[PDB]
Amino acid sequence: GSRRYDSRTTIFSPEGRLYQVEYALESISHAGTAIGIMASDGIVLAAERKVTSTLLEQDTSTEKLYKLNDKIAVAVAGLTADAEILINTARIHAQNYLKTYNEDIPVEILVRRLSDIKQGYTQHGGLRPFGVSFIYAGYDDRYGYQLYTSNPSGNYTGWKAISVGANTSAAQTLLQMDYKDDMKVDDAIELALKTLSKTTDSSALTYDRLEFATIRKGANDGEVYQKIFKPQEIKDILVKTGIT
Amino acid sequence: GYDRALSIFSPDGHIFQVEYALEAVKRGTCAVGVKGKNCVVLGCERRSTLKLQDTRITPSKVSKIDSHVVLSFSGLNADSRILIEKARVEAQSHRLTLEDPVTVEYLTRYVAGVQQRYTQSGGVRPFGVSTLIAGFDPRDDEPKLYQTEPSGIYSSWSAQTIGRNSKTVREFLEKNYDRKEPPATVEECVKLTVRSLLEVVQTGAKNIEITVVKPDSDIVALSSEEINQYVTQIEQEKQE
Amino acid sequence: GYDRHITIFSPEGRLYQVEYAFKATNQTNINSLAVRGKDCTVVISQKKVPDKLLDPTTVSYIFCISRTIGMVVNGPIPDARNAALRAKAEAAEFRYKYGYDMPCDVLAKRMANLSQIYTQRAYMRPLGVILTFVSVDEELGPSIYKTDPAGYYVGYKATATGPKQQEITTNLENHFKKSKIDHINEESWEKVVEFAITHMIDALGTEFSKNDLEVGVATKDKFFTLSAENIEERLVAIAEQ
Amino acid sequence: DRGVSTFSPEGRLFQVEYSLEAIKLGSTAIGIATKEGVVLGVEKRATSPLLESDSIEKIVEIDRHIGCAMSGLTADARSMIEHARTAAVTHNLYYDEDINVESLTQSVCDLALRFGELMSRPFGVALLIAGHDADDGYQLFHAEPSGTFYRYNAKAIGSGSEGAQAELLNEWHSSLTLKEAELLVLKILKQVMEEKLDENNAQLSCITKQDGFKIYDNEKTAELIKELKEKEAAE
Amino acid sequence: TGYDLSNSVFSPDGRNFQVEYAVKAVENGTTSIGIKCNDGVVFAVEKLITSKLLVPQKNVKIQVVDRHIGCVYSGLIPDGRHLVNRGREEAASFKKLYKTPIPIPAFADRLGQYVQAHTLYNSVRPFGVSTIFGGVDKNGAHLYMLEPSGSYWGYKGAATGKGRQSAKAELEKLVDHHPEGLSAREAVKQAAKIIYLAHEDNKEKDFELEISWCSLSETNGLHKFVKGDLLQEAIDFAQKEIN
Amino acid sequence: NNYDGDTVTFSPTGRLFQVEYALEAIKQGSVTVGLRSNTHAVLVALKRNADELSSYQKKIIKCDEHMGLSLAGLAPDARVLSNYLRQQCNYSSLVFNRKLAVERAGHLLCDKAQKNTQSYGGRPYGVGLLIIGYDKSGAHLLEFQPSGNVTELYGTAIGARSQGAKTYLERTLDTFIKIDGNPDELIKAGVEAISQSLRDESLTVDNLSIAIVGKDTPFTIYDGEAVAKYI
Amino acid sequence: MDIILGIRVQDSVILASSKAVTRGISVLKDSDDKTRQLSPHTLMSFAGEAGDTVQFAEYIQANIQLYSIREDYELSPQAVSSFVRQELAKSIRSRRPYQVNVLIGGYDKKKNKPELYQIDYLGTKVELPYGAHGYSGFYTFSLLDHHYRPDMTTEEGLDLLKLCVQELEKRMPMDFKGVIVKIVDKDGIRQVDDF
Amino acid sequence: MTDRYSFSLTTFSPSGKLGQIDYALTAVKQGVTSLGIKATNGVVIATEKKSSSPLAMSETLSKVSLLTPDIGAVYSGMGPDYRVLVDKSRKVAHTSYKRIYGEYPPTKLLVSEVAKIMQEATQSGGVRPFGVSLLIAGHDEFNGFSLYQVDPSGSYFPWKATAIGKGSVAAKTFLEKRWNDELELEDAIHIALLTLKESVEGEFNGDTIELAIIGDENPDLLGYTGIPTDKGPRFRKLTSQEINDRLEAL
Amino acid sequence: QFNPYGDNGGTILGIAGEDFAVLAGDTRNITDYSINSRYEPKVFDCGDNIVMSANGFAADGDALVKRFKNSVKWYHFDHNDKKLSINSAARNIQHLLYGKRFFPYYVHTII
């Protein structure tokens, strides 16, 4: 019968590893780098677009940074199509919680459920896992500002600063070097850009090859604002820190 | 529905998928359980290749199943959430129908049964997780510590460890634990647990987690400084 | 190399099962041809009955799908009949649902879509057949639309299918270069059938008796097949000119 | 790979034959039937000294008149016992009587071949089912993952089975007392066990018409162990 | 290669090797035939007597569908029974909805589509039988032969099994020598002769003859078995021709 | 070789190896014999034990008051098939107030076994059956093979060394077929038949299993001291 | 079932619930507690169809306790009330709807404010300074409209509640065998034993 | 019987590649060239009509398809796969948008739905990925004109101008030299015809070229009058004659 | 509206002695004011020395007796020809009847 053509996506190696999960992580390591840095007064999300063409429409484009609700956003590394499947599920899950409890969903609860979906694809159903790693940046009134990451295994962890995708090893060393706890948002903006500028596989970091976003309490009194940076705003912030 | 029989017998009578799940447990961070005269202590290793962590929000290694029972594990972290969730739901369901919280033996028997089901069901792989389940039965002061593994077998232990280098710490416990006289106090039990982890860990800094469970839903997690005092005290007695 | 056993892509972006289904098409060693007149659409096919014990009247590769649509198949008879029964059911359902007769090109698209599914879904093999649909559509007039195991389909001025299809194709091409028009400029279907047989004789280089051929004709409001004697009458007319 | 329900060229089911190898790796279990009762005994075999041996549960009650011992992948036995208990209680509900020992065994054995591509694989555990009923008296059954069951006067399963069975062939007669059977299980267990037999690493049990199925205390078994050592030295 | 390990897989030729392998099982089976006649059809089959212990006349192989169709087959006998069971379901539902008993060409396609369906998926095995069948309907007599691929045609005479070539040759002579037609009673006698002649290809074990027929005049359009005096008469005719 | 992975695969010579391997399980089974006259039908079966401490595996099963069988091969498969026969015999009684013909019983078993040889995932039955019965057309004996093939006979045998009894019955055919109105003599002939398949072992009191059905006899099985008469 | 009341004051929510369980012409019990603790700072009282009441109450209790264990956190009274409303709003279009009316009294620890929610079996939720279900409201609402002030103490609230029970004991047709009174504040839930 | 293929036929290889997606992209590379250019007041999409036989009527085979009145699509790769995707794409524009909001979906969201369908053929049981890359041009009130590319993986990117298929590498370079942000629609049609001539080998006329625009509303193509707010489709397929007129002033 | 029940009349009576038991019943069967049969037995030997009658609606009565007779048959098949005791028969019949609690057998049963 059809047994002949079954890859058996949800089995263990003799060493106790999940073949498909390991190989999905290998795929992700070639995707454009994405960085998250958590400051005391906000969070920065920075990501490098995958080798751009000059005829790409840059302003009406979204590849790396996606909005989940008004208080939570994600940076993507991996297959974009796979990520959008998961993003729409996460968006719906957030609305279910709001409908049920009349309160915005706590960040960890959303992250756990999305990670639980990834886990299922590695234990049952005979399907390939999602080739995606997320950086979650969000705020709630329990833990304040939070950074998380999840990967195809469905395992998630919390961070002060973290990178996913390409050159994470080099990027993590640089973040570990210059990060300190009393850091502000504007300092974190600079650290995020400086790190990408040194770890990039490109010749020079320009406005057209970046996506940027901040989550501050820099609205008016006790409320959180999401700023997905426009092209010209990335051009200005790149000049303001003296990278171009 | 995906039907494939993934866990099957081999010519020598082994179920390799169950045995390979045990290798995933062997890769996981070390976990240890030690029960005293009036308490149980659960100790857990945390690897230090991860700096820049946020420990406020990162999932803790020891999980409360109910107010009187806790569960720690070794193996795949994602897999453990599924077992913990099912255990927490069964805990509330038992309170609802029997009008009494679960015994530690019952909660363990349930978790072990779930693990076994995943070894002879089509389309699923076994859990890459072994658990230590500890606590006190309702209106009882006798300490309880149980262990489960991917195959589904479970048993009670005076003290036990699982995870990477668990054979080294089990060796330590086998000569340092007297059945005739278990650690009489909380301090004694925590110390023997910290000692056993120090045989394997590295630095006694932000690498060791300790959770103490006492009778009648009395569970608390120690902080860095509190654990660091045990580390400091043990090293000074060692230089002799 | 299990990528050659089911319908998944090979490293060079090919579907071998689909390609091998195309080779099953010629397993019967029969050639077919279709042309359009002013008022009609004629399809002809070779009829080979090797066994003496066969009832020759039951040996056929032309099918009456609906009152208006006819279909000739190139490929093994089991798959041919499978396709025919489905086409009949589809055309009947269309009429019931939408209140008018299923057009030839729409049925072709639908059968092509079904074939496409077998090229994408693993558990279903492609049918080793090429289906040529003919009619006189009430909107588009005389029509020829052809389907293959890849799920491809297109309309035709005229067409041919089988092992010696290329010879017949170029023969027809050269005629339409000369005539400068899209069809056979003829009043009666009888002479369009005669044209079809004449040009098949020239291209294949063989003579036909009444039992070596099979003919289907589509006119306004009906498609019908010809008897042995209807073809014999047609063969006599060609010979006497 | 290959189908789970495939036959070998010799006419045997691969998966069933492979599960029989798993059972050979299991700890020893012995049963002896008398006219005064049926005795069941097992080797506990703790993997480490820190493990509390009394939590090792390899002898199990199905009903008051039926008991059970196991050997092999013992986790697989949980659902078999669950089914056996439900079968026994359900029959009592439907018929206001005790269910026959043979009928119980047949019900458990019906689960066995319900695997394929139903569960994904056969059971990796063999069962010794011992009980009493009014019709056929004291009985002992060996239930395999093949779906087959044999009645036995005496039977051993597990790693030390073939050696223990040969010993049971010589020792069993139709006039054995219950006490004689208890000692005989201890004697043969001590012979095939790796570690030295005592009250903590071996367990005895029995089923009698009068008192039903009883697992013995560690204190009661310890005295039978002492009575056994004294009798072997006495000639 | 490996193209022959799974059903429904095309080889580079455009062939389904699994079906061709099923044909080998048919060629291994005993001989069965069908003769079309003036107003009906006749069926016959070779039954190998494996042992003295077989009860004569009591292992019947020819099967009836509805009340007007007869079926015989060579190859895996159980596969043939499965096909007839489906045939009976198909014929029942036709008569249920349309009242009239199922026409033979209609019945032929019902079996054809069902057998063809068992060449579409790797999760089923092709049929290990060629089936000769037919009867009488509103348009007269029809004889059909269906093969593992799903292929079927109408036949003047049909044969399959180990002695198919011998039987085919004998059938072709009847078609040539009788262009106007063969009578029902004549066809029964000829069927006996042809089975005896086709038995030369299976002559270790001696055999038992079994005949059936449908005729508008002789059996009133219904399927009946040939027994007693008419059977012995047909056996004697066959015995006289081999010597 | 490459064509024995499952039942859904034909070999290049047109063989079904999984079905053949199932047939092999019958050959390893203990011998059982079946024979009949015009008034009665008898089953005789040699039972097999695990050792001297074990019981002897029961070979004969009752299906109805007028029907039953003996088995050789996988016993659980015989339980499944006998249970199906019990239901079919029962359906005929409840719905049509009709005792199920032994011939129909054969046709039903054939079609049940066949389905397991044409679909992916399944396996053939690994047991052979000898069905005896008395219905409206007198006494009957059937032989079931898990290939699907069912055959009606005067007498037969299946299992290990069944060829000895099968030859004997082939010689004795003219004698035992006319043992009408005499049960004990028809059994004696069946016991002598199964004796031609014995090696190193002889028929004992907890070894032999006999069953009989007939004109004025319901299907009944004899074991233990009730077969001592025939040794 | 029958009488359930609720009053929100400056620093606490007070729930009063009748003790009688009557079936036919017999008062089967006079000490029934028509309430369940959902969380340490959230209490729910209930009234309605026999069986349905306790089954629904305990089902909600199980769910909130499950949430508490999962997140190691206590849901706000507003969040719990919205969960309960939605469960009832689902129920009303089921094959057999829950015929249960509830009051939810809670103390929000993040806001340091008491909160009282009235929800009927249809899933109709309102936040109120004082609430009642069934025929009780026809007497107590007008009484509280007159005597209630928003800045009252817990003691003032209990006296205001005594005034309600007295009125009900005077003008209600049925003997409801008094009430069990419970207080919800910053320190959790406690029962007044002498009322 | 029944679909026993409940498992993925596209899986990760040790190197991290998804084989079937890569191989599908290879099928797209073999396919005939198609392109799209975005102007200030419109969008043009074009492709060559590769005829299978001169007896075939290439008008009956449409490579450029209307999805909504303001959205059109073209492809490179496998034709049959494209045809069923167009069917599914047209339906999903109704079921998951028009039947809910009473208006047609904006370009980006329809594209998003098509991408979802192609992603599922990459993960679901018993199926291979689609062997096509799509170019989708469209207009909507709040986003204006836009052009998108959708790949077998399910990924989509917005373009000012691009090409896919056989001679895409050369065609993309040609478009980089000619494209500016001040291009009027007629200028974009001119450049589209120039770019396509490079990749086409045989005949180059209105019968071998298929070209459609997304531009001004066409009231004459609406089919009815009387509703001021309904002004007609922005999608228009250029006729064979209209193409030849522009090939003279080339 | 269709009424699935009817009343076939008649009456039955059971008495027990020290070593015996009788189960009697009249042989008249009726609907409304008509006699259907003067001899239509409704007391049956069910095997294992158990006699049974289910009186009221005869269609339900026959169905029940039929099912119980069949239950005795399968009890033998499943439990090694063991005799079904009268107390066990009673408990089995309870489950037959209660199985149709929400669409009852309209009969008074005596064994």
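Letters A, B, C, D, E, F, G, H and I mark the chains as written, and numbering starts fresh at 1 in each.
In this section, a contact is a pair of C-beta atoms (placed from the backbone, for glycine too) under 8 Å apart; a residue touches a chain by one contact, two chains touch by 3 or more.
> Chains touching chain A and chain E alike, please list them.
Expected: C, F, H.
> Across the interfaces A-G and C-H, which one involves more C-beta pairs in contact?
Contact tally favours C-H.
> Averaging over Cα atoms per chain, report the distance between chain E and chain H in Å.
Taking the average C-alpha coordinate of chain E and of chain H, the gap between them is 57 Å.
> Find the geometric centre of each of chain F and chain G from their Cα atoms only, then give the gap between the two centres in Å, rounded to an integer.
The answer is 74 Å.
> On chain G, where are the residues touching two or more other chains?
If we look for residues of chain G contacting two or more partner chains, we find none.
> For chain C, which residues are shared contacts with two or more other chains?
2, 5-6, 122-123 - these are the residues of chain C that touch more than one other chain.
> Residues of chain D that contact two or more other chains, please.
2-3, 116-117
> Under the stated contact criterion, what part of chain I meets chain F in this complex?
Listed in rising order, the residues are 66, 70, 73, 77.
> Provide the residue numbers of chain A that touch chain H in the complex, in ascending order.
Within the complex, chain A touches chain H at residues 1-2, 5-9, 20, 23-30, 53-57, 60-61, 63, 79-82, 84-85, 125-131.
> Any idea which chain A residues touch chain E in the complex?
Touch list, chain A to chain E: 1-2, 4.
> So in the complex, the part of chain G that touches chain A is made up of which residues?
71, 73, 75-76, 78-79, 82-83, 86, 110
> Show which residues of chain G lie in contact with chain B when the two form their complex.
58-59, 62-63, 65-66, 69-70, 72
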